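First the structure, in the form of structure tokens, and then the observations on it.
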There are 4 protein chains.
Amino acid sequence: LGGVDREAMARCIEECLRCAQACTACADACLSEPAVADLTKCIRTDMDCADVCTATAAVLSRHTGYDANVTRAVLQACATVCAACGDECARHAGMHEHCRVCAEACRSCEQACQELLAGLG
Amino acid sequence: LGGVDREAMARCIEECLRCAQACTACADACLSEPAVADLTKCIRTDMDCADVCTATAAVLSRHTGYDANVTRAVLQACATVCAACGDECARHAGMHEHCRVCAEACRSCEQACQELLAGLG
Amino acid sequence: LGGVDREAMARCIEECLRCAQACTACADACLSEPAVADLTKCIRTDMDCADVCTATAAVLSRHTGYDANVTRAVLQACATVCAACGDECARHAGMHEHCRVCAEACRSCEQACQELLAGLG
Amino acid sequence: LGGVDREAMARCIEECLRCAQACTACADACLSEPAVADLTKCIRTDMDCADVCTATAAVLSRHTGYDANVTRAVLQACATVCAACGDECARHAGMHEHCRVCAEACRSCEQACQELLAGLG
Ligand SMILES: [Cu+]
Ligand SMILES: [Cu+]
Ligand SMILES: [Cu+]
Ligand SMILES: [Cu+]
Ligand SMILES: [Cu+]
Ligand SMILES: [Cu+]
Ligand SMILES: [Cu+]
Ligand SMILES: [Cu+]
Ligand SMILES: [Cu+]
Ligand SMILES: [Cu+]
Ligand SMILES: [Cu+]
Ligand SMILES: [Cu+]
Ligand SMILES: [Cu+]
Ligand SMILES: [Cu+]
Ligand SMILES: [Cu+]
Ligand SMILES: [Cu+]
Ligand SMILES: [Cu+]
Ligand SMILES: [Cu+]
Ligand SMILES: [Cu+]
Ligand SMILES: [Cu+]
Ligand SMILES: [Cu+]
Ligand SMILES: [Cu+]
Ligand SMILES: [Cu+]
Ligand SMILES: [Cu+]
Ligand SMILES: [Cu+]
Ligand SMILES: [Cu+]
Ligand SMILES: [Cu+]
Ligand SMILES: [Cu+]
Ligand SMILES: [Cu+]
Ligand SMILES: [Cu+]
Ligand SMILES: [Cu+]
Ligand SMILES: [Cu+]
Ligand SMILES: [Cu+]
Ligand SMILES: [Cu+]
Ligand SMILES: [Cu+]
Ligand SMILES: [Cu+]
Ligand SMILES: [Cu+]
Ligand SMILES: [Cu+]
Ligand SMILES: [Cu+]
Ligand SMILES: [Cu+]
Ligand SMILES: [Cu+]
Ligand SMILES: [Cu+]
Ligand SMILES: [Cu+]
Ligand SMILES: [Cu+]
Ligand SMILES: [Cu+]
Ligand SMILES: [Cu+]
Ligand SMILES: [Cu+]
Ligand SMILES: [Cu+]
Ligand SMILES: [Cu+]
Ligand SMILES: [Cu+]
Ligand SMILES: [Cu+]
Ligand SMILES: [Cu+]
Ligand SMILES: [Cu+]
Ligand SMILES: [Cu+]
Ligand SMILES: [Cu+]
Ligand SMILES: [Cu+]
Ligand SMILES: [Cu+]
Ligand SMILES: [Cu+]
Ligand SMILES: [Cu+]
Ligand SMILES: [Cu+]
Ligand SMILES: [Cu+]
Ligand SMILES: [Cu+]
Ligand SMILES: [Cu+]
Ligand SMILES: [Cu+]
Ligand SMILES: [Cu+]
Ligand SMILES: [Cu+]
Ligand SMILES: [Cu+]
Ligand SMILES: [Cu+]
Ligand SMILES: [Cu+]
Ligand SMILES: [Cu+]
Ligand SMILES: [Cu+]
Ligand SMILES: [Cu+]
Ligand SMILES: [Cu+]
Ligand SMILES: [Cu+]
Ligand SMILES: [Cu+]
Ligand SMILES: [Cu+]
Ligand SMILES: [Cu+]
Ligand SMILES: [Cu+]
Ligand SMILES: [Cu+]
Ligand SMILES: [Cu+]
């Protein structure tokens with residue numbers, strides 16, 4: 001905060017919550033496929049991307065005693081995992097609608113994290 | 001799942017994520033008030049309501065090997081905490097806009113949990 | 001708090017953290033089995049039991065403006081899910097060491113939750 | 001995984017769970033001090049360090065489709081926040097025992113993250 005883009009922050013928080021949920025729902029949807037054995041990296045990466053988006057949403061929602069070093073590090077982590085997860089689910093976009101929808105959510109939240117991170121100094 | 005209201009489920013998941021975030025933001029907004037000393041139960045209850053809504057959103061987002069006993073217990077917990085937190089922040093609705101907004105989110109998600117729980121058998 | 005068993009509380013918090021981790025590790029260990037297709041309810045229940053134990057540990061770690069109604073509801077949820085997950089992984093105790101170890105952690109934390117819940121009035 | 005130090009990994013997971021809990025307990029203990037108004041950055045940083053340690057413990061507990069890029073990014077975030085939080089609570093080590101205990105937990109988990117991160121390539 002201070003010279004930050006408040007609208008870029010709100011987008012990042014909203015995209016994190018959306019993306020955590022998409023990833024949780026994708027993990028579960030894949031567990032239910034008969035194809036489950038071939039979708040285990042996707043499921044694992046989804047579990048991670050949901051955990052990190054959850055944490056990132058909470059970190060970014062707070063302004064008291066804001067420390068840009070913590071914020072940048074957390075946004076970096078979230079961008080890195082959303083990129084990994086985006087590609088991972090994108091692999092199954094032609095197999096399952098859940099994975100193409102989740103791939104879009106990862107990429108969208110990767111963009112939101114990157115956009116915010118850049119304007120943090 | 002099975003005879004469940006899919007739209008009541010989606011509302012519950014959306015309201016949980018909205019409410020977790022509102023509560024996290026309220027906790028932080030109160031930490032920043034000069035009035036902080038008088039707002040410590042509100043801050044604590046917000047932290048709890050954010051933790052439980054987070055968990056509830058994730059539990060309700062999953063359908064593989066669904067167990068209605070776990071689901072009902074988790075929805076019960078989330079309703080109970082949203083009721084407690086709703087009243088707690090509602091106390092400061094005439095002091096801070098963050099608390100009146102958060103009070104509405106708690107009550108809204110309390111309703112969503114109760115509505116879903118009722119149709120689970 | 002007030003007439004509560006402080007040692008029963010500490011056990012509950014410690015068992016929750018242990019159990020969240022055991023469940024996360026079990027979920028992942030099962031995703032890696034060649035048997036994964038037959039272990040999907042176990043994996044799902046593990047994900048839920050890790051989420052609820054995480055939340056319960058945090059709720060129980062807090063004493064400011066303690067509300068026994070929220071605490072009991074949250075402990076109830078955690079006991080219910082640990083019971084479900086205990087039985088679920090116990091099914092694979094003769095197939096995988098991870099599931100027999102995780103089954104013991106669920107049962108242990110089910111006991112800790114039940115013991116605490118009983119002395120809360 | 002592969003050329004990784006399995007004992008450094010277990011330490012990191014254990015220290016994260018310990019540290020998440022210490023931070024949650026410190027946040028709450030500070031909310032209860034009469035001194036609360038002067039301890040608001042400590043409380044905020046504790047909330048963040050608990051969220052990130054929670055996520056890090058879960059990420060590090062998983063081996064299926066392991067991606068060292070995600071793992072390093074997440075460990076980096078966790079080290080950065082534990083360093084920030086260590087110093088933040090260390091400021092009140094002569095005021096409250098909870099803050100000196102929590103400061104030690106942050107520093108300990110900062111070390112565990114840094115040690116692991118270094119051997120990941
Ligand atoms: Cu975000
Ligand atoms: Cu995200
Ligand atoms: Cu996601
Ligand atoms: Cu999926
Ligand atoms: Cu998948
Ligand atoms: Cu994902
Ligand atoms: Cu994510
Ligand atoms: Cu994120
Ligand atoms: Cu992300
Ligand atoms: Cu993904
Ligand atoms: Cu996929
Ligand atoms: Cu996926
Ligand atoms: Cu999917
Ligand atoms: Cu898929
Ligand atoms: Cu995704
Ligand atoms: Cu995904
Ligand atoms: Cu993602
Ligand atoms: Cu994402
Ligand atoms: Cu993001
Ligand atoms: Cu972001
Ligand atoms: Cu909900
Ligand atoms: Cu909620
Ligand atoms: Cu809320
Ligand atoms: Cu507030
Ligand atoms: Cu408040
Ligand atoms: Cu709340
Ligand atoms: Cu809530
Ligand atoms: Cu909820
Ligand atoms: Cu709730
Ligand atoms: Cu509230
Ligand atoms: Cu309030
Ligand atoms: Cu509040
Ligand atoms: Cu507020
Ligand atoms: Cu307020
Ligand atoms: Cu609220
Ligand atoms: Cu609130
Ligand atoms: Cu609430
Ligand atoms: Cu709520
Ligand atoms: Cu709700
Ligand atoms: Cu709900
Ligand atoms: Cu517990
Ligand atoms: Cu537990
Ligand atoms: Cu467990
Ligand atoms: Cu397992
Ligand atoms: Cu399993
Ligand atoms: Cu479990
Ligand atoms: Cu559990
Ligand atoms: Cu628990
Ligand atoms: Cu439990
Ligand atoms: Cu289990
Ligand atoms: Cu199992
Ligand atoms: Cu299991
Ligand atoms: Cu297992
Ligand atoms: Cu197993
Ligand atoms: Cu278990
Ligand atoms: Cu288990
Ligand atoms: Cu369990
Ligand atoms: Cu458990
Ligand atoms: Cu328990
Ligand atoms: Cu417990
Ligand atoms: Cu760790
Ligand atoms: Cu940590
Ligand atoms: Cu900590
Ligand atoms: Cu503290
Ligand atoms: Cu503090
Ligand atoms: Cu901390
Ligand atoms: Cu931490
Ligand atoms: Cu950590
Ligand atoms: Cu850390
Ligand atoms: Cu700290
Ligand atoms: Cu402190
Ligand atoms: Cu602290
Ligand atoms: Cu403290
Ligand atoms: Cu202190
Ligand atoms: Cu600490
Ligand atoms: Cu601390
Ligand atoms: Cu810390
Ligand atoms: Cu830490
Ligand atoms: Cu650490
Ligand atoms: Cu670590």
Side-chain angles (χ1 to χ4, degrees), chain A residues 15-16 18-27 42 44-54 56 77-90 99 101-113, chain B residues 65 67 70, chain C residues 8-30 41-61 71 74-79 81-92 98-99 101-117, chain D residues 21 70:
Chain A
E15 291 295 350
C16 285
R18 162 178 162 217
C19 196
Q21 201 280 338
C23 293
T24 298
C26 195
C42 169
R44 178 268 163 84
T45 313
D46 275 327
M47 296 191 293
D48 287 353
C49 201
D51 294 337
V52 173
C53 284
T54 297
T56 302
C78 209
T80 293
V81 67
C82 280
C85 214
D87 297 335
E88 198 56 56
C89 298
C99 280
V101 156
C102 196
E104 296 177 314
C106 295
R107 272 73 179 270
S108 184
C109 192
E110 184 199 345
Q111 203 212 351
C113 285
Chain B
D67 185 1
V70 163
Chain C
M9 193 148 293
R11 196 134 48 246
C12 177
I13 289 162
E14 206 189 301
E15 291 295 350
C16 285
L17 296 155
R18 162 178 162 217
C19 196
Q21 201 280 338
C23 293
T24 298
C26 195
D28 177 71
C30 291
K41 180 165 185 193
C42 169
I43 284 161
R44 178 268 163 84
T45 313
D46 275 327
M47 296 191 293
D48 287 353
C49 201
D51 294 337
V52 173
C53 284
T54 297
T56 302
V59 171
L60 271 282
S61 288
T71 295
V74 176
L75 296 170
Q76 188 57 252
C78 209
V81 67
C82 280
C85 214
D87 297 335
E88 198 56 56
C89 298
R91 284 151 142 178
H92 314 125
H98 44 80
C99 280
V101 156
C102 196
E104 296 177 314
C106 295
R107 272 73 179 270
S108 184
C109 192
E110 184 199 345
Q111 203 212 351
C113 285
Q114 286 281 356
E115 272 158 334
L116 188 55
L117 191 65
Chain D
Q21 201 280 338
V70 163

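Both counts, for ligands and for their atoms, begin at 1 and track the order of listing. Any value given below was found using the heavy atoms of this structure, including those in side chains, with hydrogens, waters and symmetry copies removed. Here is how names work: the chains are called A, B, and so on, in the same order as the sequence lines, proteins then strands, and each is numbered from 1.
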Practice task
For the pair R91(C) and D87(C), evaluate salt bridge (charged side-chain N to carboxylate O under 4.0 Å, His left out) and give the outcome as yes or no after the intermediate values.
Solution key: CA-CA 6 Å; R91(C) 284 151 142 178; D87(C) 297 335; over 6 Å; no
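- At a threshold of 2.8 Å, the Cu ion (ligand 41) has a backbone or side-chain N, O or S atom of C12(C) nearer than that distance.
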Problem - Steps toward salt bridge (charged side-chain N to carboxylate O under 4.0 Å, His left out) verdict (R107(C), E104(C)) - result: CA-CA 5 Å; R107(C) 272 73 179 270; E104(C) 296 177 314; over 6 Å; no
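- Excluding waters, the set of protein N, O or S atoms lying under 2.8 Å from the Cu ion (ligand 46) comprises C23(C) SG, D46(C) OD1, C85(C) SG.
- Qualifying side-chain hydrogen bond (donor to acceptor under 3.5 Å, both in side chains) partners for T80(A), counting only residues two or more places apart in sequence or in other chains: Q76(A).
- None of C89(C), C30(C), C26(C) except one satisfies the side chain to side chain contact (heavy atoms under 4.5 Å, CB included) rule with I43(C); the exception is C30(C).
- Looking only at atom types and distance, the side chain of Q114(C) has no donor-acceptor partner in the side chain of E110(C) under 3.5 Å away.
- Although no hydrogens or angles enter the test, the distance criterion places a donor-acceptor pair under 3.5 Å between the side chain of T45(C) and the main chain of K41(C).
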